[PDB]
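I have placed the structure first, in the form of structure tokens, so that the comments after it can refer back to it.
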Amino acid sequence: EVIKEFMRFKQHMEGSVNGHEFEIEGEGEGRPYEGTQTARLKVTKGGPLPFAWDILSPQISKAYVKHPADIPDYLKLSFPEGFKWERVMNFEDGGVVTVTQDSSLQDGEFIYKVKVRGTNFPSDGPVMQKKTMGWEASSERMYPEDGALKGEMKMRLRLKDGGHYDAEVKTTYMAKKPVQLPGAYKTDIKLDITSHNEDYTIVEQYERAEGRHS
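According to the numbering used here, the sequence shown is numbered sequentially starting from 71.
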């Protein structure tokens, strides 16, 4: 079986937010059938970033989602060739992030390449002023459509001030081969930033994700 109980990944991310270009490299590890993983990220070009790390954190791994045996695990089944995903996050204040991502399995390790584009964040808003404080737990509504797997969710970012800053998120996950699509279900996800240096040029994260019937 190509996906072992323990799997590492390597990751390259590039992109721009509000005109600022960056690159990040990461390495992570986790237990795909348990839905858990951690990663060490570092900003390798464009640091320090003048925006909140938190808009980048959900772009850093859906092979690590626990599934019950009766929900086909389309994204695990796609390996070793892998899958691609594309996402839009529409933030409440008009900011937008679009993502394209490629996922493959090479010599026992997952390989991620991510391209992130964000724009129209207000300069006095919480993203450009770095006033965010991590994501509340999300529930992604998963469903087959057009021969792909889609996910929808409202994600909420905590704010330094006590409130929240929300995004509507839409993602399309497309396996490189037509492995078995599931029926509709939900995935419970919680992502934590477990360590960072002051300017977030060195960051660690943890995520747990588990699918269940809806």
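Ideal Cβ positions, reconstructed from N, Cα and C, are used throughout, including at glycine.
Distance from the CA of residue 111 to the CA of residue 118, rounded to the nearest whole angstrom, comes to 13 angstroms. Counted as a single uninterrupted DSSP element, the beta strand (DSSP E) harbouring residue 213 occupies residues 208–215. Counting of Cβ neighbours within 10 angstroms places residue 229 among the exposed residues, the total staying below 16. Bridge partners of residue 166 according to DSSP: 160, 189. Beta-bridge pairing by DSSP links residue 155 to 171, 243. In the pairwise beta carbon analysis, the segment 126–136 is classified as touching the segment 266–283: at least three pairs are separated by under 8 angstroms.
Closest by C-alpha distance to residue 232, out of 161, 133, 202, is 202. Residue state for residue 146 is assigned as helix, using DSSP reduced to three classes. A residue is called buried once 16 or more other Cβ atoms fall within 10 Å of its Cβ, and residue 143 is buried on that count.
The residue from 221, 93, 191, 164 with its alpha-carbon nearest to that of residue 208 is 221. Taking a contact as a CB-CB distance under 8 angstroms, the pair residue 255 and residue 217 does not count as one, their CB atoms being some 17 angstroms apart. Sequence-distant Cβ neighbours of residue 85 in its own chain, meaning closer than 7 angstroms and more than five residues away, are 92, 185, 186, 187. Within the segment 108–149, the runs of alpha helix (DSSP H) that reach at least 4 residues and sit entirely inside it are, in chain order, 144–147.
When 172, 206, 166 are compared, the shortest CA-CA separation from residue 191 is found for 166. Judged by DSSP secondary structure, residue 86 falls within the beta strand (DSSP E) whose first and last residues are 77–87. By the Cβ-count criterion, residue 171 is buried, with 16 or more other Cβ atoms from all chains shown falling within 10 Å of its own Cβ.
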